[PDB]
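Working notes for the structure below.
Counting begins at 1 with the first residue of the sequence.
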Amino acid sequence: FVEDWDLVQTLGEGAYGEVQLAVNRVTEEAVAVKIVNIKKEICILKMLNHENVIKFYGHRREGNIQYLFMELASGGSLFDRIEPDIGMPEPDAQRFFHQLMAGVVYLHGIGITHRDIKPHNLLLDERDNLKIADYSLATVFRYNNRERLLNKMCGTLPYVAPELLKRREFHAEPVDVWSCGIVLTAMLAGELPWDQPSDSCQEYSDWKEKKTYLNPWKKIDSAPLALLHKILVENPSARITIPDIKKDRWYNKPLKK
Ligand SMILES: Cn1c(-c2cccc(F)c2F)c(C#N)c2c(N)ncnc21
């Protein structure tokens with residue numbers, strides 16, 4: 001198998017192609033390999049250097065198949081740490097949220113939007129450090145200090161911001177903030193609040209009407225729920241920004257040893 005690397009186990013599939021564990025017969029160093037536009041993805045992957053983003057090691061083409069070598073996350077995904085109908089202990093949810101914001105602030109700072117934040121795309125290293133993975137939908141929204149609005153509809157319906165179903169064009173950053181809000185909801189309640197944030201979605205109307213005696217909102221303590229009230233705001237220019245998320249009372253609440 002490719003160069004010194006043996007492809008010894010599968011970690012995920014479907015998507016565009018498969019992800020393999022690559023143990024180096026020589027050094028025993030273990031990495032991840034994605035087996036697959038791709039030009040643009042590679043170019044974004046080479047920009048990424050942060051502790052909460054999956055590191056890119058290199059690519060080797062071999063006829064049809066490209067091979068993307070990235071940092072391995074041996075802890076699996078945040079999706080596997082969320083217990084259905086329960087979620088996880090509030091202190092673990094807060095730490096993962098801190099790491100997720102650190103990663104999102106980095107991407108936005110280099111003018112990159114991920115566009116598909118959800119628990120399947122948030123992986124853990126062996127010390128339970130969160131890493132944003134899968135840059136196949138990622139795009140430049142800021143270049144030479146000029147912002148460009150996005151127009152492609154993409155992501156996963158339960159995680160997408162409402163403006164992306166309703167507007168011709170929209171700002172990248174509030175879309176990623178919204179999906180972090182759905183991720184925070186899943187961690188604290190082990191359930192997604194709606195199929196999609198459309199006015200024909202009863203659960204979404206129930207939330208705009210502030211009916212928080214229904215699930216999933218009734219499983220969530222008042223402090224983190226006050227933050228979700230500022231994140232899941234339908235008007236993207238009134239929605240809270242990451243600088244202001246970092247001032248939020250629950251965000252700054254001591255919880256974890
Ligand atoms: C499961 N998995 C993925 C993955 C991420 C998104 C979709 C998908 F299908 C995947 F396999 C990784 C990546 N990128 C990954 C890694 N780097 N290390 C360990 N396991 C991984």
Side-chain angles (χ1 to χ4, degrees), residues 14-15 17 34 36-38 40-50 52-54 56 59 66 68 70 100-122 131-186 192-205 207-208 228 230-245:
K34 186 212 202 145
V36 290
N37 214 63
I38 264 57
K40 159 151 170 253
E41 179 171 352
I42 280 184
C43 166
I44 286 168
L45 282 166
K46 290 212 273 252
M47 305 171 72
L48 304 179
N49 179 50
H50 187 271
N52 298 118
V53 171
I54 284 289
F56 190 59
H59 69 101
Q66 282 268 19
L68 299 170
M70 335 141 150
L100 168 63
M101 292 293 103
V104 169
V105 164
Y106 175 76
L107 293 183
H108 290 175
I110 59 173
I112 303 300
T113 178
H114 179 283
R115 304 211 275 183
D116 197 27
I117 295 151
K118 56 182 180 188
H120 278 118
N121 291 339
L122 302 178
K131 274 131 198 275
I132 310 167
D134 189 351
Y135 290 80
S136 77
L137 294 180
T139 200
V140 166
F141 76 96
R142 197 196 297 111
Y143 200 80
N144 294 151
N145 210 42
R146 257 267 120 72
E147 170 170 27
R148 54 189 75 192
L149 304 190
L150 301 176
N151 53 241
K152 190 176 67 156
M153 272 191 279
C154 63
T156 300
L157 276 170
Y159 297 88
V160 306
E163 60 268 29
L164 173 151
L165 308 170
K166 278 210 229 71
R167 274 131 90 127
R168 278 173 32 79
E169 286 170 272
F170 48 86
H171 292 276
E173 289 172 291
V175 174
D176 286 340
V177 163
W178 179 282
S179 54
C180 295
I182 307 292
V183 167
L184 179 48
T185 307
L192 299 179
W194 43 73
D195 295 346
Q196 55 178 104
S198 80
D199 300 324
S200 85
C201 191
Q202 185 53 237
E203 286 71 20
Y204 187 55
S205 312
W207 167 259
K208 290 193 291 174
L228 287 172
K230 299 171 292 179
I231 293 163
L232 306 170
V233 161
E234 179 171 42
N235 174 5
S237 71
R239 181 171 320 143
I240 199 177
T241 58
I242 295 164
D244 285 344
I245 288 174

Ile245/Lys230 under side chain to side chain contact (heavy atoms under 4.5 Å, CB included): CA gap, chis, key distance, verdict: CA-CA 9 Å; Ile245 288 174; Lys230 299 171 292 179; over 6 Å; no

Would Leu48 and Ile110 count as a side chain to side chain contact (heavy atoms under 4.5 Å, CB included) here? Give the steps. CA-CA 9 Å; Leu48 304 179; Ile110 59 173; 4.2 Å; yes

Any side-chain heavy-atom pair of [X] and [Y] under 4.5 Å:
X      : Y      : value
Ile44  : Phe56  : no
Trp178 : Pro162 : yes
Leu157 : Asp195 : no
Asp134 : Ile54  : no
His59  : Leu45  : no
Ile231 : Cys180 : no
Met101 : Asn52  : no
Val175 : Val160 : no

Quick one: does any side-chain atom of [X] pair with a main-chain N or O of [Y] as donor and acceptor, under 3.5 Å?
X      : Y      : result
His50  : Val104 : no
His171 : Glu173 : no
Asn121 : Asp116 : yes
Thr185 : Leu192 : no

Using every non-hydrogen atom in the two residues, find where [X] and [Y] come nearest and quote the distance to one decimal.
X      : Y      : answer
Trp194 : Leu232 : CH2-CD1, 4.3 Å
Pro236 : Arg167 : CG-NH2, 3.4 Å
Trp207 : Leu228 : CZ2-O, 3.7 Å
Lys118 : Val183 : CA-CG2, 3.9 Å
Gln196 : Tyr204 : O-CB, 4.1 Å
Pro197 : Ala161 : CG-C, 4.0 Å

If I take atom [atom1] from residue [X] and atom [atom2] from residue [Y], how far apart are they, to the nearest 0.5 angstrom?
X      : Y      : atom1 : atom2 : value
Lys152 : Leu137 : NZ    : CG    : 5.5 Å
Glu234 : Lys166 : CD    : NZ    : 4.0 Å
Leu68  : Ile38  : CG    : CD1   : 7.5 Å
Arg142 : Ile112 : CZ    : CD1   : 9.5 Å
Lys34  : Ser136 : NZ    : OG    : 5.0 Å
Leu164 : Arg115 : CG    : CZ    : 9.0 Å

Determine whether more than 12 heavy atoms belonging to other residues, nucleotides or ligands lie under 6.0 Å from atom CG of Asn49.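 Not buried by this count: 12 neighbours or fewer within 6.0 Å.
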
With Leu107, the side chain to side chain contact (heavy atoms under 4.5 Å, CB included) member among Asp176, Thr113, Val53: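 The residue from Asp176, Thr113, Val53 that satisfies side chain to side chain contact (heavy atoms under 4.5 Å, CB included) with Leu107 turns out to be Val53.
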
